[PDB]
Structures are given as structure tokens and as C-alpha cells.
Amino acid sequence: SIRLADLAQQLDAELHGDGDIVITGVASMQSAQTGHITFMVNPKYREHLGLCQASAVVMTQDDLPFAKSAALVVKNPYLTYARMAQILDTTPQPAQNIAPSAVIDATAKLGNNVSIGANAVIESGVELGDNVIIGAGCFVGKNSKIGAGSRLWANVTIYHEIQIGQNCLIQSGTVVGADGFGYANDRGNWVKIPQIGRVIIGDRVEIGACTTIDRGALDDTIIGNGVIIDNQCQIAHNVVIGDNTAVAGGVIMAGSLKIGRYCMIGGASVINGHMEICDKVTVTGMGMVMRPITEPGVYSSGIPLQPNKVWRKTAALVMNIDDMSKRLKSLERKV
């Protein structure tokens, strides 16, 4: 709980209203009650701010006339919302102190104020930086290193020789460092190629739940600083992802793809390997990426939904489009 004046100061916002108001938490505009701070970005909500029951509303200067409550004026309400939600965050920590049921190899090196949850398993040679938090049921494999401030939720699996930077966050069920999909072929028989590269994860990386990031075959899979990766993603061996790139849920990336900085990969896209995508590329959802991308911009693929009766005709005509093409050429020749 925090006085509105003090909150406004920490957000570098201009206060319009009683600075003595006590703010206890953040809420959506439709759910906000007395004690809550909320925000608005869409001008459509201006007309009904009189129905919002928040104690304060983060808004722009052009919104201030429509205010029906204390208001904090800022240039970017959504970014200010991110910041105030962090000040008023209620999320608990994955663990506190070291649980007696945790199994920690005696050669593990632990920094100051490391927390390890119940039944977590820490292997030999592991290094955990200051303030690292390991959730219940996690596994951290041999000689892996987790930088200061990084946090793993429950039931995360980190394999051996993995490097994670500072202030990272990994959600439950994620697996970092499994074998890449590497095999030779000896007369129809698959021959396993041991995958003895690593994963290097930079600083301030956030990884979602049930995402898999494979280790490299010889050299490393590399995740840049500030990257965010959603749930159910697959990052194959020797993929390199540049700083501040965002990957939405269910994206599948094949081996040895290189993605630049500040990219945005829409959910359920499929990115083929041994190719590069330059900085500042957006791929919209379900994008089928087969070729390198060398110019920044927005790229898309796929034929959208239709009523089933219509789709049947659309698909049949497309599958026979070579015959249409030939008939068009014949007609041009005749005319």
C-alpha cells in the first residue's frame, strides 16, 4: 500500500487529485474499486470513466478533461501500467530459504540469499549466483551456472553445462539444454550424434512454460539479452536469437536459424533453419518461413478461415491452379 503522491513520484507522472489517497493494488478498469489504480489507453473509455470506481486512473494529457477521479498524467499509460504493477506486484517467490527436502550436491556453489524449493535437485559443480531462486521440483544439471537474480518456477529442467545470465525468469515445465535432433545415417539406421555444445542464455531473458531449448551439437545455442519467449516454443540446436527479440507461443524453429535483434515472431509460426532473419522483422501468426529475410518489415503467410462450404471450393481450385494457369495461357495464345 502506497500514497498516491509517492506512487506518482516513482512513476514520474503528474498528479491531478488528492495525493493522500492510499493505493493498495492495480486492477482493470471494469473491476477497479476504491483503493485500486487502473489505466486507460483506448479513447473509447473516456465517456464512461464516471462508471469506473478506481481511486486513480493513469491516462494521457488529452484524457484529463474526461477524468472523473484522481488522475496520473503520463505520455505512455501502458508502460506506466507495467511499472506500477511491478511496484504493487503480489506474485510470490518460487521458494524461500533452502528446503530440507532439496537434494544439493556438496560441490554446488551457492551465492548469498539463494532459495531452493522442496525436492529440487542440484547436481555437482552447479553455480547459483546471489539472490537466485530455484522452484520446487526443479533439476539443474552438472556444471550449470545461473547468474545473480535469476528465478526458476517449479518443475523446470536445466541440463548440464548450461549458462544463464542475471535476472532471468523461466516458467514451469520448460526444458533448457536437451539433446538437439542430430543423427547420422548408416544404411537406414539412425546413428546418434552426441550434442556436446551448450545453451548460453543472456541477461533479463524471460522464458514461458513447457518451452524447449536444445543444446548445440558442438558450438552453442545462444539466446540474446532481453529476449522474451512464450509457452510451447521449440528452439532447436545452434539457433541464435538476437537481443530484445520476442517469440510468441507455439513457435517452432529449426536448427541453425539466426534471428536478429528486435524481431517479433507471431504465435505458431514455423521458421526453417540454416538461414538468417535480419533485425526488426515481424512475422505474423502462423507464418511459414522458408527463405531468409533480409529487409526489415512485416511478413505474413497463410489463407485464412472460410465457411466450410466455401473452403472446399477454394481448396479444390487452388490445388488445380496449374490447370487454370495453363488454360489462361492457352486463351492468351488463341486471342
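Numbers follow the displayed sequence, beginning with 1. C-alpha atoms forming the largest set that superposes within 1.5 Å between two forms make up the rigid core.
Colleague: Say the other structures are aligned on the rigid core; which stretch then has the higher CA RMS in 8 other deposited structures of this protein, 68-76 or 233-241?
Modeller: The more displaced stretch in 8 other deposited structures of this protein turns out to be 68-76.
Colleague: Between 300-308 and 40-48, which has the larger RMS C-alpha deviation from this form in 8 other deposited structures of this protein after core superposition?
Modeller: Looking at 40-48 and 300-308 in 8 other deposited structures of this protein, the bigger mover is 40-48.
Colleague: Would 152-160 or 102-110 have the larger average of its C-alpha temperature factors, as given in the entry?
Modeller: On average, C-alpha B-factors are higher across 102-110.
Colleague: On mean Cα temperature factor in this entry, is 284-292 or 64-72 the higher one?
Modeller: Here the higher of the two C-alpha B-factor means belongs to 64-72.
Colleague: Which has the highest CA B-factor per the PDB entry: 249, 188, 226, 173?
Modeller: Top of the list by C-alpha B-factor: 188.
Colleague: Taking the Cα B-factors listed in the entry, which of 303, 270, 310, 56 comes out highest?
Modeller: Across 303, 270, 310, 56, the entry lists the biggest C-alpha B-factor for 56.
Colleague: How does the C-alpha B factor of residue 47 compare with the rest of the chain: lowest, middle or highest third?
Modeller: It belongs to the highest third of the chain when residues are ordered by C-alpha B-factor.
Colleague: For residue 97, does the deposited CA B-factor place it in the lowest, middle or highest third of the chain?
Modeller: Residue 97: CA B-factor falls in the highest third of its chain.
Colleague: If you rank the chain by CA B-factor, which third does residue 126 end up in: lowest, middle or highest?
Modeller: Ranked within chain, residue 126 CA B lands in the middle tercile.
Colleague: Give the position of residue 140 by CA B-factor within its chain, expressed as the lowest, middle or highest third.
Modeller: Lowest third of the chain for residue 140's C-alpha B-factor.
Colleague: Divide the modelled residues of the chain into thirds by Cα B-factor and specify which third, lowest, middle or highest, holds residue 40.
Modeller: For residue 40, whose C-alpha B-factor we compare with every modelled residue in the chain, the answer is the highest third.
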